[PDB]
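# Enclosed are the sequence and the experimentally obtained structure.
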Amino acid sequence: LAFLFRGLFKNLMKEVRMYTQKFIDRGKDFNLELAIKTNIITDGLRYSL
DNA sequence: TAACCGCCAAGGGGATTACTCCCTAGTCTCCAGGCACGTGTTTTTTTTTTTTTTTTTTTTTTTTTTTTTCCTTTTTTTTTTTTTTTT
């Protein structure tokens, strides 16, 4: 479960980086609650279990 | 201290004259090795076919039967409608 947490945390950081990179090039700010997709870790753990 | 010079003495052999003789210069005449020409048979090069190991590819993995579980996409870009602001 630690290894799955590593993989899902890396995927979550990649998605957060993608979101803030596509919302940083226009000069505007971003929302931290809208930045994190909460379904990724829960969906991955549910599928792998 | 003996080179050098002067003086004297002795002898040895190269120069000279003559006689001889014998070996080569010259001239035919026969014939045979020396040389010009042709070429070879080994030597190197090139192909040719095989050999031998390595590497890669491909195919395979006893049969029958009965229950669940999860999934049978998903984000990402483009479009299209809606709403708000301005003159």
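Looks like it arrived, so ask away. Numbers count the residues shown, from 1 in each chain, chains lettered A, B, ... in the order given.

# does residue A:13 sit in a helix or strand, and which one?
helix A:2-22 (DSSP states H and E).

# Just the buried positions in that helix, please.
Going by neighbour count (16 or more other CB atoms under 10 Å), the buried part of helix A:2-22 is A:8, A:12, A:16, A:19. Placement of C-beta: from N, CA and C, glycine included.

# Tell me, how many residues neighbour residue A:23?
15 (other CB atoms under 10 Å).

# Now residue A:5: closest residue in space that isn't a chain neighbour?
residue A:41 (7.7 Å; CB to CB, 6 or more residues apart in numbering).

# Now for that neighbour: which residues touch it?
A:5, A:8-9, A:12 (CB atoms under 8 Å, 6 or more residues apart in numbering).

# Looking at chain A, which residue is nearest DNA strand B?
As assessed by CB to the nearest atom of the strand, DNA strand B sits closest to residue A:47 within chain A, at 4.3 Å.

# Tell me the secondary structure of that residue, please.
helix (DSSP: H, G, I helix; E, B strand; the rest coil).

# Just send the contacts of residue A:41 back as CSV, with distance to DNA strand B too.
Output for the contacts of residue A:41, formatted as CSV (distance: CB to the nearest atom of the strand, whole Å):
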residue, distance to DNA strand B
A:5, 18
A:8, 13
A:9, 16
A:12, 12
